[PDB]
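Participant: What follows is a single structure, and I will ask about it in a moment.
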2 protein chains.
Amino acid sequence: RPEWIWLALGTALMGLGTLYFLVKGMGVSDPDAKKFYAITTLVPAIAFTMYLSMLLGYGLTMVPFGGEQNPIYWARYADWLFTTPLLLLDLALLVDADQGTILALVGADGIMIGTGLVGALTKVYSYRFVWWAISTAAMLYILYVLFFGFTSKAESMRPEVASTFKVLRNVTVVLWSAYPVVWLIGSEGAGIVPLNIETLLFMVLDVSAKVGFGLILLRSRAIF
Amino acid sequence: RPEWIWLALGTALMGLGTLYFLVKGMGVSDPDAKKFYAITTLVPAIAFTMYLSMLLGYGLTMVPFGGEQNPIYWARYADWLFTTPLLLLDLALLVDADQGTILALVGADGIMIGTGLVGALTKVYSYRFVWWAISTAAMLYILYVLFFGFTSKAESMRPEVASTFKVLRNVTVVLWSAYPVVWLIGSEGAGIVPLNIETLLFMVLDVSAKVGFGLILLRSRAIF
Ligand SMILES: CCCCCCCCCCCCCC(=O)OC[C@H](COP(=O)(O)OCC[N+](C)(C)C)OC(=O)c1cc(Br)cc(I)c1
Ligand SMILES: CCCCCCCCCCCCCC(=O)OC[C@H](COP(=O)(O)OCC[N+](C)(C)C)OC(=O)c1cc(Br)cc(I)c1
Ligand SMILES: CCCCCCCCCCCCCCCC
Ligand SMILES: CCCCCCCCCCCCCCCC
Ligand SMILES: CCCCCCCCCCCCCCCC
Ligand SMILES: CCCCCCCCCCCCCCCC
Ligand SMILES: CCCCCCCCCCCCCCCC
Ligand SMILES: CCCCCCCCCCCCCCCC
Ligand SMILES: CCCCCCCCCCCC
Ligand SMILES: CCCCCCCCCCCC
Ligand SMILES: CCCCCCCCCCCC
Ligand SMILES: CCCCCCCCCCCC
Ligand SMILES: CCCCCCCCCCCC
Ligand SMILES: CCCCCCCCCCCC
Ligand SMILES: CCCCCCCCCC
Ligand SMILES: CCCCCCCCCC
Ligand SMILES: CCCCCCCCC
Ligand SMILES: CCCCCCCCC
Ligand SMILES: CCCCCCCC
Ligand SMILES: CCCCCCCC
Ligand SMILES: CCCCCCCC
Ligand SMILES: CCCCCCCC
Ligand SMILES: CCCCCCC
Ligand SMILES: CCCCCCC
Ligand SMILES: CCCCCCC
Ligand SMILES: CCCCCCC
Ligand SMILES: CCCCCCC
Ligand SMILES: CCCCCCC
């Protein structure tokens, strides 16, 4: 498994991010800042677990489509199922989103991850892309609400909060956008980008969307 | 206009690609190889014209949305309107696609470019993304036919033709995929990636999808 090196690097980076966020979060008194630390430390903690499992050869299955037996890391979705709504929750607490908006985004998020996983396991080559399309539409719904909805909510906050939101929103739009493209061209879809390069790409995206995101959030005044 | 440097580089690269393809095409006797040279030389020739126009300050308009006046290079679409179906035509001649398939892809292609252009000029921020979504669906229809349809047609050709098709199909899937993401995150959509970086990205994509593509096609035995 040539991709082990990027699984090992992902594990190391997630583990370091977790440990650092834990040290910093433990030393924080402010009750508001603490919620954000708790949510944000969990994100690389879940990713570290899943990266470790995959490094050790768990969460990989073979799925037949296109006349080959294809390796599918399904453990990625067990990670994303829990880490993606927690990242949304960070953004939603920052702008004081309402309960029904949170529920809509978490629900859409579940649809996005669940249909992605169904698509990843589908044996009919053509139906893989139907699931992928539904997954991407649920994603674009999320991005829409974050871009239009949350930006409007953030503008009623003090400028330091709105500023931090904008940065994190931009990071999120750019980083989340790339995932369905990686899936499309990688071993899950078209089969163009080989599994090792694809693992590198997801690792760079994962670390940036989780540790990178966390660093921007947890170093800002906006959480106090 | 900080983006001038990437417009100038794009012009130079398109011009060099045109000139080189013209020199080589002019020296070719084989009647089949000549069709492919004629179509493929036109692709960077049209791009060079549009890149030159933009460098000299044509094909740029200001479109109001999101409370700002935004610069939109519309000359890109005048290029893509003609260059994208010609690239499809190259692929279709390679695999001997039928007339109705060619007509479907060219039509979908027109929809893709035309709705993209409407989206790029739309003053209501939200409706920009509706046009973008329709444009991307027309694109995904094209990619679907190239991936499933044309691959099946290429498998009935001699292996050297099928091999060349696969490479060009993979280049196309990967390169075309990136365009709607650039538009989404760039000055046309979300406004996250500034115009200069966006111009760099489109220039790299343009040169790769046109000169890169042409180099692979025109250096192969598959056209003789
Ligand atoms: C190669 C396999 C993985 C293991 C290798 C790990 C690389 C080691 C790098 C450590 C160099 C810096 C020393 C240090 O421990 O802290 C440096 C640096 C400083 O931390 P910090 O202690 O907060 O700074 C205090 C500075 N004063 C002494 C002035 C008070 O910490 C980080 O920025 C950091 C960020 C992440 Br994400 C994770 C971590 I862990 C640290
Ligand atoms: C900086 C602003 C743009 C202007 C700078 C242009 C860069 C100049 C590079 C030329 C170095 C090589 C010399 C040459 O003219 O041909 C080299 C090279 C060789 O061409 P070619 O003549 O086909 O090779 C023949 C070799 N034998 C003599 C053995 C028969 O040509 C290219 O590969 C090429 C590809 C593209 Br796309 C465009 C072009 I034009 C050429
Ligand atoms: C050639 C075999 C090397 C085996 C090393 C495997 C364990 C890696 C654990 C991950 C700890 C961080 C280091 C990452 C650098 C490769
Ligand atoms: C004031 C800080 C900048 C505001 C906006 C952030 C720019 C977008 C950042 C996204 C970079 C992610 C790397 C992409 C790797 C594929
Ligand atoms: C016969 C079943 C119909 C399948 C419909 C698929 C539509 C989903 C979008 C297709 C994206 C395909 C891009 C493929 C490039 C490998
Ligand atoms: C600082 C002003 C420089 C002006 C040069 C403008 C003309 C560029 C024409 C393009 C020819 C290829 C060279 C590209 C390298 C910048
Ligand atoms: C035998 C040659 C390789 C077969 C498949 C080609 C791999 C995909 C090439 C696409 C690289 C384009 C660069 C992407 C820049 C964003
Ligand atoms: C009220 C008008 C409805 C608009 C529907 C837009 C759906 C199109 C997909 C949205 C993609 C938005 C991503 C935005 C990230 C900037
Ligand atoms: C108490 C606030 C600091 C961070 C809290 C930790 C939340 C659980 C993550 C522990 C994983 C090792
Ligand atoms: C607050 C408004 C609730 C809207 C309903 C959620 C829609 C789910 C997304 C559709 C994805 C295909
Ligand atoms: C947005 C993702 C960019 C794609 C990176 C392409 C690398 C593919 C190389 C294929 C190796 C054979
Ligand atoms: C005759 C075959 C070689 C290439 C033919 C040229 C097609 C028109 C492009 C001319 C642009 C300068
Ligand atoms: C040969 C079959 C013709 C199919 C009709 C073309 C459909 C256009 C694409 C829809 C994009 C929204
Ligand atoms: C698939 C396209 C990749 C996106 C490249 C991101 C560069 C954005 C930097 C923003 C500068 C402020
Ligand atoms: C084609 C993608 C469909 C995404 C739906 C987004 C609608 C915005 C909510 C009003
Ligand atoms: C959501 C994108 C819709 C694209 C349609 C592709 C259908 C494949 C033709 C049978
Ligand atoms: C959540 C919508 C269900 C649509 C499933 C379509 C299944 C086709 C393979
Ligand atoms: C080609 C389909 C036409 C749909 C246009 C919808 C316009 C909404 C702004
Ligand atoms: C979340 C959708 C699951 C439906 C399962 C269908 C598998 C053939
Ligand atoms: C993506 C890492 C940068 C985080 C530093 C925050 C700047 C105040
Ligand atoms: C190709 C669709 C064009 C329709 C124009 C509508 C502009 C408001
Ligand atoms: C993308 C440029 C490579 C073209 C060389 C063709 C290999 C036979
Ligand atoms: C033909 C099925 C395409 C799925 C589209 C769902 C948004
Ligand atoms: C060769 C493709 C690797 C690109 C990944 C860099 C982030
Ligand atoms: C990736 C962009 C980070 C900028 C940080 C400023 C708060
Ligand atoms: C609500 C409009 C979304 C456009 C989807 C077209 C494929
Ligand atoms: C800083 C972003 C530029 C990346 C473009 C390289 C192809
Ligand atoms: C970008 C991949 C090019 C490989 C060329 C082999 C024909």
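By convention here, the chains of the structure tokens are called A, B, ... in the order presented, each chain's residues are numbered starting at 1, and ligands are numbered starting at 1 in the order presented.
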Please check which protein, DNA or RNA residues sit within 7 Å of ligand 10, counting only C-alpha atoms and all ligand atoms, and write them as number ranges by chain.

Facilitator: A: 100-101, 104, 107-108, 134, 137-138, 141

Participant: As a quick test: using only C-alpha atoms and all ligand atoms, which residues lie no more than 7 Å away from ligand 20? Give them as an MDAnalysis selection string.

Facilitator: chainID A and resid 212:213 215:216 219:220

Participant: Print the selection's residues with N, CA, C and O atoms to a file, as a PDB file, in the first residue's frame.

Facilitator:
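Writing the result to out04.pdb gives the following:
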```
ATOM      1  N   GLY A 212      -5.601  23.572  10.101  1.00  0.00           N
ATOM      2  CA  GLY A 212      -5.515  24.927   9.548  1.00  0.00           C
ATOM      3  C   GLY A 212      -6.680  25.809  10.012  1.00  0.00           C
ATOM      4  O   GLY A 212      -6.463  26.858  10.601  1.00  0.00           O
ATOM      5  N   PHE A 213      -7.906  25.364   9.733  1.00  0.00           N
ATOM      6  CA  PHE A 213      -9.141  25.959  10.232  1.00  0.00           C
ATOM      7  C   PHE A 213      -9.089  26.272  11.760  1.00  0.00           C
ATOM      8  O   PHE A 213      -9.415  27.388  12.173  1.00  0.00           O
ATOM      9  N   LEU A 215      -6.453  26.429  13.854  1.00  0.00           N
ATOM     10  CA  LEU A 215      -5.450  27.456  14.111  1.00  0.00           C
ATOM     11  C   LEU A 215      -5.972  28.873  13.893  1.00  0.00           C
ATOM     12  O   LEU A 215      -5.727  29.738  14.726  1.00  0.00           O
ATOM     13  N   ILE A 216      -6.694  29.111  12.799  1.00  0.00           N
ATOM     14  CA  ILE A 216      -7.274  30.432  12.568  1.00  0.00           C
ATOM     15  C   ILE A 216      -8.332  30.818  13.622  1.00  0.00           C
ATOM     16  O   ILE A 216      -8.333  31.943  14.114  1.00  0.00           O
ATOM     17  N   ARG A 219      -6.843  30.990  17.544  1.00  0.00           N
ATOM     18  CA  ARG A 219      -5.903  32.118  17.737  1.00  0.00           C
ATOM     19  C   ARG A 219      -6.552  33.470  17.611  1.00  0.00           C
ATOM     20  O   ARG A 219      -5.896  34.477  17.777  1.00  0.00           O
ATOM     21  N   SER A 220      -7.854  33.512  17.353  1.00  0.00           N
ATOM     22  CA  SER A 220      -8.533  34.783  17.177  1.00  0.00           C
ATOM     23  C   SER A 220      -9.166  35.293  18.501  1.00  0.00           C
ATOM     24  O   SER A 220      -9.452  34.522  19.408  1.00  0.00           O
TER      25      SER A 220
END
```

Participant: Produce as a ChimeraX atom specification the set of residues near ligand 12, where near means within 10 Å with only C-alpha atoms and all ligand atoms considered.

Facilitator: /B:15,18-31,33-46,48

Participant: Using N, CA and C atoms, can you write the selected residues to a file as a PDB file, in the first residue's frame?

Facilitator:
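Output contents, as saved in selection.pdb:
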```pdb
ATOM      1  N   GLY B  15       0.414  31.636 -28.830  1.00  0.00           N
ATOM      2  CA  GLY B  15       1.009  32.041 -30.126  1.00  0.00           C
ATOM      3  C   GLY B  15       2.078  31.057 -30.579  1.00  0.00           C
ATOM      4  N   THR B  18       0.315  27.718 -31.550  1.00  0.00           N
ATOM      5  CA  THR B  18      -0.281  27.906 -32.904  1.00  0.00           C
ATOM      6  C   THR B  18       0.797  27.756 -33.976  1.00  0.00           C
ATOM      7  N   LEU B  19       1.894  28.488 -33.820  1.00  0.00           N
ATOM      8  CA  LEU B  19       2.949  28.555 -34.802  1.00  0.00           C
ATOM      9  C   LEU B  19       3.572  27.174 -34.968  1.00  0.00           C
ATOM     10  N   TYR B  20       3.853  26.516 -33.854  1.00  0.00           N
ATOM     11  CA  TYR B  20       4.435  25.181 -33.916  1.00  0.00           C
ATOM     12  C   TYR B  20       3.499  24.135 -34.568  1.00  0.00           C
ATOM     13  N   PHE B  21       2.210  24.193 -34.235  1.00  0.00           N
ATOM     14  CA  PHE B  21       1.255  23.254 -34.780  1.00  0.00           C
ATOM     15  C   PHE B  21       1.073  23.508 -36.296  1.00  0.00           C
ATOM     16  N   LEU B  22       1.054  24.799 -36.685  1.00  0.00           N
ATOM     17  CA  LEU B  22       1.017  25.230 -38.084  1.00  0.00           C
ATOM     18  C   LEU B  22       2.233  24.715 -38.877  1.00  0.00           C
ATOM     19  N   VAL B  23       3.450  24.899 -38.360  1.00  0.00           N
ATOM     20  CA  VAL B  23       4.667  24.405 -39.042  1.00  0.00           C
ATOM     21  C   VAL B  23       4.591  22.891 -39.274  1.00  0.00           C
ATOM     22  N   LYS B  24       4.340  22.155 -38.191  1.00  0.00           N
ATOM     23  CA  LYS B  24       4.168  20.704 -38.266  1.00  0.00           C
ATOM     24  C   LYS B  24       3.010  20.273 -39.170  1.00  0.00           C
ATOM     25  N   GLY B  25       1.839  20.896 -39.022  1.00  0.00           N
ATOM     26  CA  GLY B  25       0.677  20.564 -39.866  1.00  0.00           C
ATOM     27  C   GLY B  25       0.840  20.797 -41.359  1.00  0.00           C
ATOM     28  N   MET B  26       1.611  21.811 -41.673  1.00  0.00           N
ATOM     29  CA  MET B  26       1.893  22.175 -43.044  1.00  0.00           C
ATOM     30  C   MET B  26       2.807  21.121 -43.711  1.00  0.00           C
ATOM     31  N   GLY B  27       3.589  20.387 -42.918  1.00  0.00           N
ATOM     32  CA  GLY B  27       4.523  19.446 -43.452  1.00  0.00           C
ATOM     33  C   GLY B  27       3.997  18.018 -43.515  1.00  0.00           C
ATOM     34  N   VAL B  28       2.709  17.833 -43.281  1.00  0.00           N
ATOM     35  CA  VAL B  28       2.067  16.535 -43.146  1.00  0.00           C
ATOM     36  C   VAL B  28       1.295  16.253 -44.451  1.00  0.00           C
ATOM     37  N   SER B  29       1.489  15.053 -45.003  1.00  0.00           N
ATOM     38  CA  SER B  29       0.847  14.595 -46.260  1.00  0.00           C
ATOM     39  C   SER B  29      -0.433  13.821 -46.003  1.00  0.00           C
ATOM     40  N   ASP B  30      -0.408  12.950 -44.983  1.00  0.00           N
ATOM     41  CA  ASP B  30      -1.532  12.065 -44.678  1.00  0.00           C
ATOM     42  C   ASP B  30      -2.838  12.885 -44.573  1.00  0.00           C
ATOM     43  N   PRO B  31      -3.889  12.507 -45.351  1.00  0.00           N
ATOM     44  CA  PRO B  31      -5.150  13.294 -45.324  1.00  0.00           C
ATOM     45  C   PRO B  31      -5.875  13.298 -43.972  1.00  0.00           C
ATOM     46  N   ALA B  33      -4.395  12.797 -40.907  1.00  0.00           N
ATOM     47  CA  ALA B  33      -3.594  13.530 -39.958  1.00  0.00           C
ATOM     48  C   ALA B  33      -3.838  15.049 -40.107  1.00  0.00           C
ATOM     49  N   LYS B  34      -4.025  15.505 -41.346  1.00  0.00           N
ATOM     50  CA  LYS B  34      -4.284  16.899 -41.701  1.00  0.00           C
ATOM     51  C   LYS B  34      -5.570  17.542 -41.084  1.00  0.00           C
ATOM     52  N   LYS B  35      -6.690  16.791 -41.051  1.00  0.00           N
ATOM     53  CA  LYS B  35      -7.931  17.181 -40.371  1.00  0.00           C
ATOM     54  C   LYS B  35      -7.657  17.506 -38.892  1.00  0.00           C
ATOM     55  N   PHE B  36      -6.911  16.643 -38.242  1.00  0.00           N
ATOM     56  CA  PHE B  36      -6.598  16.778 -36.847  1.00  0.00           C
ATOM     57  C   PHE B  36      -5.681  17.985 -36.627  1.00  0.00           C
ATOM     58  N   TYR B  37      -4.714  18.199 -37.520  1.00  0.00           N
ATOM     59  CA  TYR B  37      -3.890  19.399 -37.482  1.00  0.00           C
ATOM     60  C   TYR B  37      -4.694  20.683 -37.692  1.00  0.00           C
ATOM     61  N   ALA B  38      -5.597  20.683 -38.671  1.00  0.00           N
ATOM     62  CA  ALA B  38      -6.400  21.859 -38.964  1.00  0.00           C
ATOM     63  C   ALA B  38      -7.255  22.249 -37.755  1.00  0.00           C
ATOM     64  N   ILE B  39      -8.000  21.284 -37.188  1.00  0.00           N
ATOM     65  CA  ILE B  39      -8.864  21.510 -36.017  1.00  0.00           C
ATOM     66  C   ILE B  39      -8.016  21.983 -34.834  1.00  0.00           C
ATOM     67  N   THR B  40      -6.891  21.299 -34.588  1.00  0.00           N
ATOM     68  CA  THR B  40      -6.092  21.523 -33.382  1.00  0.00           C
ATOM     69  C   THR B  40      -5.237  22.813 -33.443  1.00  0.00           C
ATOM     70  N   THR B  41      -4.888  23.286 -34.640  1.00  0.00           N
ATOM     71  CA  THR B  41      -4.159  24.527 -34.786  1.00  0.00           C
ATOM     72  C   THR B  41      -5.102  25.718 -34.518  1.00  0.00           C
ATOM     73  N   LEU B  42      -6.363  25.584 -34.926  1.00  0.00           N
ATOM     74  CA  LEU B  42      -7.417  26.592 -34.717  1.00  0.00           C
ATOM     75  C   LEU B  42      -7.679  26.887 -33.248  1.00  0.00           C
ATOM     76  N   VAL B  43      -7.581  25.845 -32.414  1.00  0.00           N
ATOM     77  CA  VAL B  43      -7.847  25.943 -30.976  1.00  0.00           C
ATOM     78  C   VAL B  43      -6.901  26.987 -30.310  1.00  0.00           C
ATOM     79  N   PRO B  44      -5.541  26.812 -30.375  1.00  0.00           N
ATOM     80  CA  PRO B  44      -4.738  27.913 -29.770  1.00  0.00           C
ATOM     81  C   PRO B  44      -4.738  29.219 -30.545  1.00  0.00           C
ATOM     82  N   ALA B  45      -5.090  29.179 -31.841  1.00  0.00           N
ATOM     83  CA  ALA B  45      -5.195  30.394 -32.672  1.00  0.00           C
ATOM     84  C   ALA B  45      -6.302  31.328 -32.191  1.00  0.00           C
ATOM     85  N   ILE B  46      -7.486  30.761 -31.931  1.00  0.00           N
ATOM     86  CA  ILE B  46      -8.642  31.446 -31.304  1.00  0.00           C
ATOM     87  C   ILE B  46      -8.275  31.913 -29.889  1.00  0.00           C
ATOM     88  N   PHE B  48      -5.301  32.639 -28.739  1.00  0.00           N
ATOM     89  CA  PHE B  48      -4.254  33.687 -28.845  1.00  0.00           C
ATOM     90  C   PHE B  48      -4.885  35.058 -29.095  1.00  0.00           C
TER      91      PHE B  48
END
```

Participant: Compile the contact shell of residue 179 (chain A) as a count of residues only: residues with an atom at most 12 Å away, counting only C-alpha atoms, same-chain residues fewer than 2 positions apart removed.

Facilitator: 35

Participant: At a cut-off of 7 Å around ligand 19, and using only C-alpha atoms and all ligand atoms, what residues come up? Please write them as a PyMOL selection string.

Facilitator: chain A and resi 111+114-115+118

Participant: If you keep N, CA and C atoms, can you produce a file of those selected residues as a PDB file, in the first residue's frame?

Facilitator:
```pdb
ATOM      1  N   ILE A 111     -26.740  13.868   4.745  1.00  0.00           N
ATOM      2  CA  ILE A 111     -27.083  13.482   3.366  1.00  0.00           C
ATOM      3  C   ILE A 111     -25.844  13.471   2.495  1.00  0.00           C
ATOM      4  N   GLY A 114     -23.560  10.538   3.795  1.00  0.00           N
ATOM      5  CA  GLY A 114     -24.217   9.260   3.566  1.00  0.00           C
ATOM      6  C   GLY A 114     -24.372   8.864   2.103  1.00  0.00           C
ATOM      7  N   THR A 115     -24.816   9.799   1.250  1.00  0.00           N
ATOM      8  CA  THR A 115     -24.896   9.535  -0.203  1.00  0.00           C
ATOM      9  C   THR A 115     -23.504   9.346  -0.826  1.00  0.00           C
ATOM     10  N   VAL A 118     -22.625   5.745   0.128  1.00  0.00           N
ATOM     11  CA  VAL A 118     -23.374   4.878  -0.808  1.00  0.00           C
ATOM     12  C   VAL A 118     -22.755   4.853  -2.212  1.00  0.00           C
TER      13      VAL A 118
END
```

Participant: Determine, counting only C-alpha atoms, which protein, DNA and RNA residues have an atom within 9 Å of an atom of region 146-156 of chain A; residues of the same chain fewer than 5 positions away are not included. Present the result as a PyMOL selection string.

Facilitator: (chain A and resi 88+91-92+94-97+141+161-163+165-166+169-170+172-173) or (chain B and resi 126+190)

Participant: Would you mind telling me which residue in B:2, B:191, B:57, B:110 lies nearest to ligand 18 when using only C-alpha atoms and all ligand atoms?

Facilitator: B:110

Participant: Would you mind listing the residues within 7 Å of ligand 25, counting only C-alpha atoms and all ligand atoms, as a PyMOL selection string?

Facilitator: chain A and resi 164+167+171+216

Participant: Report the distance between atom 13 (C, counted along the ligand's line) of ligand 3 and CA of residue 86 (chain A) in Å, rounded to one decimal place.

Facilitator: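 Atom 13 (C, counted along the ligand's line) of ligand 3 sits 27.2 Å away from CA of residue 86 (chain A).
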
Participant: Can you tell me, as a ChimeraX atom specification, which residues in region 88-171 of chain A count as alpha helix (DSSP H) by DSSP?

Facilitator: /A:88-95,99-121,125-144,151-154,159-171

Participant: Write down as a list in words the residues of region 3-112 of chain B whose backbone DSSP state falls under strand (DSSP E).

Facilitator: residues 60, 61, 62, 63, 64, 65, 68, 69, 70, 71, 72 and 73 of chain B

Participant: Residue 70 (chain A): which residues within 9 Å, counting only C-alpha atoms, same-chain residues fewer than 5 positions away excluded, as a JSON list (two decimals) with C-alpha atoms, in the first residue's frame?

Facilitator:
```
[["chain", "number", "residue", "atom", "x", "y", "z"],
["A", 61, "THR", "CA", -12.79, -2.62, 1.33],
["A", 62, "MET", "CA", -12.75, -3.84, -2.27],
["A", 63, "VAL", "CA", -15.66, -2.73, -4.45],
["A", 64, "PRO", "CA", -16.11, -4.21, -7.98],
["A", 65, "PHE", "CA", -17.03, -1.71, -10.78],
["A", 187, "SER", "CA", -10.08, 5.85, -7.39],
["A", 188, "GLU", "CA", -13.71, 6.31, -6.29]]
```

Participant: Could you tell me how far CA of residue 72 (chain B) sits from atom 15 (C, counted along the ligand's line) of ligand 6, in Å to one decimal place?

Facilitator: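 Between atom 15 (C, counted along the ligand's line) of ligand 6 and CA of residue 72 (chain B) the gap works out to 23.4 Å.
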
Participant: What does the list of residues within 6 Å of ligand 2 look like if you count only C-alpha atoms and all ligand atoms, written as a PyMOL selection string?

Facilitator: chain B and resi 12+16-17+20

Participant: Taking only C-alpha atoms and all ligand atoms into account, which residues are within 8 Å of ligand 6, as a PyMOL selection string?

Facilitator: chain B and resi 5+8-9+11-12

Participant: Could you check which of A:13, A:130, A:200, A:211 is closest to ligand 17, using only C-alpha atoms and all ligand atoms?

Facilitator: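 For ligand 17, the nearest of the candidates is A:130.
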
Participant: Rank A:221, A:210, A:128, A:158 by their smallest atom-to-atom distance to chain B, using only C-alpha atoms, and report the top residue only.

Facilitator: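 Closest residue, counting only C-alpha atoms: A:128.
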
Participant: Smallest atom-to-atom distance to ligand 11: which of B:180, B:122, B:90, B:192, using only C-alpha atoms and all ligand atoms?

Facilitator: B:180
